[PDB]
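Read through the structure below, which is laid out as structure tokens, and then see the notes.
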Amino acid sequence: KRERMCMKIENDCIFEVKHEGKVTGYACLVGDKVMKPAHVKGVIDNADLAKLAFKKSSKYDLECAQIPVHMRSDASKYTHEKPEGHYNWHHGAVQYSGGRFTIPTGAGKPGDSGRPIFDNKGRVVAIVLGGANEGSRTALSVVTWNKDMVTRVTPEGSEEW
Amino acid sequence: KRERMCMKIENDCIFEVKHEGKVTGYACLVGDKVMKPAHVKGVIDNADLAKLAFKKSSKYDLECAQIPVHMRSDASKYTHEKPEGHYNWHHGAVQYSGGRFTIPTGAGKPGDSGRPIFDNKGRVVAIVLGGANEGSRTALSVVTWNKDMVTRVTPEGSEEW
Amino acid sequence: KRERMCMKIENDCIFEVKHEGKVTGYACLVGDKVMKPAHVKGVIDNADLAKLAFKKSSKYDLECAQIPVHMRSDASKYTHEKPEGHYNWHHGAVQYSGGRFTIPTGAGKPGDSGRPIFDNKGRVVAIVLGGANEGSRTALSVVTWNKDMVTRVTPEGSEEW
Amino acid sequence: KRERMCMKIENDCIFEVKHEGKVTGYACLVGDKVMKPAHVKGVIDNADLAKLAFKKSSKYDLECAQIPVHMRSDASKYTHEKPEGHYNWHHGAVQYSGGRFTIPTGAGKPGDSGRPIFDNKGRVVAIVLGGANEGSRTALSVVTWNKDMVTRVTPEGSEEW
Amino acid sequence: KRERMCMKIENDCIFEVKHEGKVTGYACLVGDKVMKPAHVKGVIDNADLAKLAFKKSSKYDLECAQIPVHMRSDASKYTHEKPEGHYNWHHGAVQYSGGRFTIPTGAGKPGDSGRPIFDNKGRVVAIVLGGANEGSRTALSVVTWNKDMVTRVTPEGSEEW
Amino acid sequence: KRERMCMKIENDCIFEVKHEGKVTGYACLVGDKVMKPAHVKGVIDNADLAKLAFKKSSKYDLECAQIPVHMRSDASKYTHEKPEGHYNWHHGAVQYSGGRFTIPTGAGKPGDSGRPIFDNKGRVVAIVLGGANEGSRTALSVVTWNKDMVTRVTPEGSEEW
Amino acid sequence: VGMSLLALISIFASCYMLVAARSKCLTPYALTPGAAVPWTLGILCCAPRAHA
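Chains as they are written, first to last, in the deposited numbering: chain 3, 107 to 267; chain e, 107 to 267; chain f, 107 to 267; chain d, 107 to 267; chain AC, 107 to 267; chain T, 107 to 267; chain Y, 371 to 422.
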């Protein structure tokens, strides 16, 4: 159910980034804008995406571009609501507590930056940038959306995956 | 039920436009005013309806007229309410999401412009102008209505059908 | 039930108006005022009613007068709400759609003017004046009441009764 | 079967030519050219075919035109080889012997010019022009296709239909 | 049987050609020569074929090269006889009528250029270049072999795929 | 029976006449002459009849023409005796009473001028011109035949159809 | 003659542009089943004197 829809949405809304032939990050199609973390280096595995001109921002660690017309049908749906509870992820379930996203396991590994965090209904709420080894858990440094503005949360001890 | 009643509305309230013996577009009777997209050129296939004088608006791509008294009763009924959901169309069902109308199939063709989108109760909400081929889907450049103002919505890359 | 109460209240609250000995109009009693259309010519078939002083108005096409004390018990009840729905009439049921009153039959005839239009509960709303040849229907040109104002609605092409 | 394909090809590739409100000829479509007899006079009953430029030849008694792009799929197919045997016709069967086309029936009547004579595979072989009544048989004055040249054969005593 | 042999020959003797990583044409091996349409641009997906010198002709709209010696066992067989009938194509059946190649489907899309048309025994007869929308059918602008000459037939109004 | 050969003779001997593309009258083939009411305007739906020159007479309100030789077998037969009783007509049965022709119902409508009146044997007696609302019935203003001269009878208050 | 001609050209241009501004302001109200907004109706006269 939820897992199958998440896997299909991810296969249609994430593309790998490989440099020296090896993958290092994931660029996601959110709303109508290609979004990928700025710190990752490489190229996107697609001609249309790779040709596009990317607007940079180092303070948000983010590159964005306006998606082309022939792919807007394969783009996830977004949102700006953050109720307390549980959320989905390609590596399992994430726990939202005290305004923070937490990983129950500390299973994050380098090279998994840029992978989105999903909602109950398939909407996208955040984008993973890094992790901080917090005891038996891991605090996620992510990029969210407010009603109109992008904000960044980076707990101390975070490492750019 | 719904399909048959909508087909009855369409037969009593849609008229073809002839140009050089080939069908070019359709004109609908809404409220108390003959409606027809401006970019479609030709003559309405009716002796009574051809003699009416039309008011232009090249910015809204629309030509209107005040209907004569003796076809006043054979016209549909209108509204202005656009909640999220699904709506009808002569070529199937249409999806309303994020202020946009989407076609499931890309079944739009040239010469299809000007056929109204119906509501669930049979009310008229919008007049189709053109389609932007959104990958597998097809966004609609359509003429929607406000409480008292006609507004035109046009996604990137639409072609006047 | 509803038909019976409608016809009884019509019978005790409608008086004929005849000229050259033939019936020409219907003068009804509402609230606390004898009211009748001004375009009809004749005299009201009651010695008591014939002697009053009728206030004129050609813009509202309405002759009004203050009723004697001993006719107060046979007075209808008035209202000003017009929600969507169905209302009564001596010749059947009348439809409300978009601020217009519509007669299904197209059987309104000259000399029918002055007949009240009743609510479901037995209150009155308006007084019929004429009809417009509405294809298969007839659109009623009627005089209604806002909160405190008389209003006259005359659809185009209407002819007086 | 041969009848049914002959009739289908006739219906897809024959257009009546009427002048002064009455039928006088037939124009057929072969390959990518429109033929018409020249001894007949009138206008082809089609908006496309009426305004096309026609090249005439009274020596060959024939007018031709180039057919439009959209209508090329509604045309017969030609063949020049004429082996001895039997051939089809809208009014029955025709025989080819000794360089002439003979009508067994004597069914020729004024206005009969302009239907093609079909091959056993439904292919167009010739277009009838006139007839000469020689006893029980009617020798056909017909225009045909050679390998590259267009030739006309006219037996003595033929009359224009 | 026939279609399986066609698919085998296609797998053995078609190399795709891409431009900025997107498939745009097909280069087929016929006899002892590699040929490719000229209006399509890119590089053949083969290191061995990347270094071979192409002789070009935009009048015939085609470029060819002598194939490497070791791949001479990996080529089809050609034929110049084109009898009236039906032939095979990668998207179904094609009709050879009146010196023209007709697509029953009208299913041709941009990027189909370079796909050969096979004989009944699997021999290569011609190479598809473009299509012209002839109503319900589609005329194929194609490159064919005479006994000694290479000639090109292009219907009016076609477009380069 | 009577109605059956009346209708057959009607199909063979009445042609409709249209102005602005809508029918307003009829023409009948009687004896050896076409005759049509003068007050009705339009054109007969037949080339041969349209090309003839019509002799006009406003006093009798009639125009006539000599029928073509090839239509001489498609004409009804006339009579000069008018026995008292009943006769057939396209909308039922008429009765001849005291030198007046009347319809039982007054169902005749404008545009019906020119519809002939047949006898018991089918012989033609008179041609309708107009109708006069005479109480519950409607008198017919028609064109009759004497032994040699046409007479027109018009009830006072009749309106031309 | 030159001055008079130029004055007439200028006054015609101004009048035409005024009428064009009228039409472009009042045309969207001919495309909805809506009211005329009497406030704007009074200032900008419309061809419908009474209807709609």
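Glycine residues also receive a C-beta, built at the ideal position from the N, C-alpha and C atoms.
| Check | Outcome |
| --- | --- |
| Short CB-CB distance (under 9 Å) between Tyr399 (chain Y) and chain e | yes |
| Sequence-distant residues of its chain with Cβ nearer than 6 Å to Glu265 (chain T) (five each side left out) | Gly236 |
| Beta carbon proximity, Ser242 (chain e) to chain 3, threshold 9 Å | yes |
| Nonlocal neighbours in the same chain, by C-beta distance under 8 Å from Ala199 (chain f), ignoring five residues either side | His192, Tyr193 and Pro210 |
| Beta-carbon proximity of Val123 (chain AC) to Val149 (chain AC), cut-off 9 Å | yes |
| Amino acids of chain 3, ordered along the chain, whose beta-carbon sits closer than 8 Å to that of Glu262 (chain e) | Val175 |
| Distance, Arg206 (chain AC) Cα to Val146 (chain d) Cα | 33 Å |
| Heavy atom of the ligand ADP within 8 Å of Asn152 (chain d) beta-carbon | This structure lacks the ligand ADP, and indeed carries no ligand of any kind. |
| Assumed close pair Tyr132 (chain f), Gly220 (chain f) - CB separation to whole angstroms, cut-off 8 Å | 3 Å |
| Residues that DSSP places opposite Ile209 (chain T) in a beta bridge | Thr244 (chain T) |
| Residue-chain proximity (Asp180 (chain 3), chain e), Cβ-Cβ < 9 Å | yes |
| Cα-Cα separation, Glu169 (chain f) to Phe160 (chain f) | 6 Å |
| Sheet register partners of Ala199 (chain e) (DSSP bridge) | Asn194 (chain e) |
| Neighbourhood of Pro189 (chain d) by C-beta distance below 6 Å, restricted to the same chain and skipping five residues each side | none |
| Rounded straight-line distance, which links the Cα of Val248 (chain T) to that of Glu262 (chain T) | 13 Å |
| Terminal residues of the alpha helix (DSSP H) in which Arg178 (chain f) lies | That residue, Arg178 (chain f), is in no alpha helix (DSSP H); it is neither H nor E in DSSP. |
| With 16 other Cβ atoms within 10 Å as the buried cut-off, status of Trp409 (chain Y) | exposed |
| DSSP three-state assignment for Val249 (chain T), whether helix, strand or coil | strand |
| Other residues of its chain near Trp195 (chain AC): CB distance less than 6 Å, five sequence neighbours each side excluded | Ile223 |
| CB of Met177 (chain e) within 9 Å of CB of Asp151 (chain e), strictly | no |
| Rounded straight-line distance, which links the Cα of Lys162 (chain AC) to that of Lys253 (chain AC) | 21 Å |
| Buried or exposed (CB count within 10 angstroms, at least 16 for buried), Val234 (chain d) | buried |
| Residue closest to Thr257 (chain f), alpha-carbon to alpha-carbon, out of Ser164 (chain f), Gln172 (chain f), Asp138 (chain f) and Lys215 (chain f) | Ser164 (chain f) |
| Short Cβ contact (9 Å threshold) for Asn117 (chain f) with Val175 (chain e) | no |
| Opposing strand residues paired with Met111 (chain AC) [DSSP bridges] | Per DSSP, none; premise fails for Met111 (chain AC). |
| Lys142 (chain T), buried or exposed, once every other Cβ within 10 Å from all chains shown has been counted against 16 | buried |
| Rounded C-alpha distance that separates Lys183 (chain 3) from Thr250 (chain 3) | 14 Å |
| Exposed unless 16 or more other CB atoms sit within 10 angstroms - verdict on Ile115 (chain T) | buried |
| Cα-Cα separation between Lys107 (chain f) and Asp225 (chain f), rounded to whole angstroms | 13 Å |
| Cutoff 9 Å: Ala199 (chain f) Cβ touching any chain e Cβ | no |
| Assigned secondary structure, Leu135 (chain f) (DSSP; H/G/I helix, E/B strand, else coil) | strand |
| Beta carbon proximity, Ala153 (chain T) to chain d, threshold 9 Å | yes |
| Within chain e, the residues that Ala238 (chain f) reaches when beta carbons sit closer than 9 Å | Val175 and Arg178 |
| Contact residues within the stretch 125 to 151 of chain AC, judged by C-beta distance below 8 Å to chain 3 | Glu126, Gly127 and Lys128 |
| DSSP three-state assignment for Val407 (chain Y), whether helix, strand or coil | coil |
| Coil, strand or helix - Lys215 (chain e) by DSSP | coil |
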